[PDB]
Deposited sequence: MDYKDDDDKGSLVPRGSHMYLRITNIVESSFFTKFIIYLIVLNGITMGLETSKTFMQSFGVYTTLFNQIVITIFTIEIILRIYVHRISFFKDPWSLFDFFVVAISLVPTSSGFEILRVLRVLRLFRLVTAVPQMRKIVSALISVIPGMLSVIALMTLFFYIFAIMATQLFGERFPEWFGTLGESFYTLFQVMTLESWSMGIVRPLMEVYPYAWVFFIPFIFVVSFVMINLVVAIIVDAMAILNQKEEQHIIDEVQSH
């Protein structure tokens, strides 16, 4: 258990984390530069090796962090991320070559301020799941109806449940929903608007109400906590 503390003091040291971050930033610049064909024609060889080096150092770092953290490591979402993303970069040189750039998100996992933002942002999601489920069901149903109503005459937009899903998502963002989709549809189906206006109403109303209910239920909790605090003093 000597070498253990020895490594642990490295793995936990301020310097170690700083080094890794330094590499993250270095490699991030490198991956931008590798985007230029010009740059690659001249320095591609060097950069490719720098990637291999960084990826080796990260593998080593993951290995050390597992030895130090043991099981706790795989119960830690940030370390899992670091793990999965380094592992991707390990598969021998398709889509995976491009997914190697995901290692730059380690800058989030390695910077405490970033973690906190991401954690804060993510933390709202658990309470949204049933509204998401509801909307997903809503899309599913509409997608099925839209495939049946319009897929024969408008196969690109609705020929298939998946295409209908896609188009409905496009309608929800309001992108070209009328000039691009519903007006062409109405040239064959004069009542297409009876399908898409209500669809647009639900989806936009649900989105707004989701934002409203977050703010207001938040403040209600702030109000409750305050109330208890005030009540205690009055009680006391």
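For this session: Mind pulling out the bits of the deposited sequence that never got modelled, as residue ranges from 1?
Result: Several regions go unmodelled: 1-16, 110-113, 257.
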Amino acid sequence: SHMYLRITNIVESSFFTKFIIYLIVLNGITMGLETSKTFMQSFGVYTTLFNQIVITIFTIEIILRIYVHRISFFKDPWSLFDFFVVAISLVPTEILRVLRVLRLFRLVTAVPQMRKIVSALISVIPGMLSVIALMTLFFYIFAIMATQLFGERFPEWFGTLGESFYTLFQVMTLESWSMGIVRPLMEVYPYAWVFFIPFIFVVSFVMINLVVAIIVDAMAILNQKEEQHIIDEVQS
From here on, numbers count along this sequence of modelled residues.
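Exercise. Do the CA atoms of 84-92 or those of 137-145 have the higher mean B-factor in the entry?
Worked result: It is 84-92 that shows the higher mean C-alpha B-factor.
Exercise. What stretch has the higher average Cα B-factor here, 115-123 or 67-75?
Worked result: For C-alpha atoms only, the mean B-factor is higher in 67-75.
Problem set entry | Residue with highest C-alpha B-factor in the PDB entry, from 189, 46, 195, 177 | Comparing C-alpha B-factors across 189, 46, 195, 177, the top value belongs to 46.
For this session: Would you mind finding, among 36, 30, 170, 56, the residue with the largest C-alpha temperature factor in the entry?
Result: 56 has the highest C-alpha B-factor of those listed.
Exercise. Thinking about Cα B factors across the chain, which third does residue 182 belong to?
Worked result: For residue 182, whose C-alpha B-factor we compare with every modelled residue in the chain, the answer is the lowest third.
Exercise. Would the CA B-factor of residue 60 place it in the lowest, middle or highest third of its chain?
Worked result: Top third by C-alpha B-factor.
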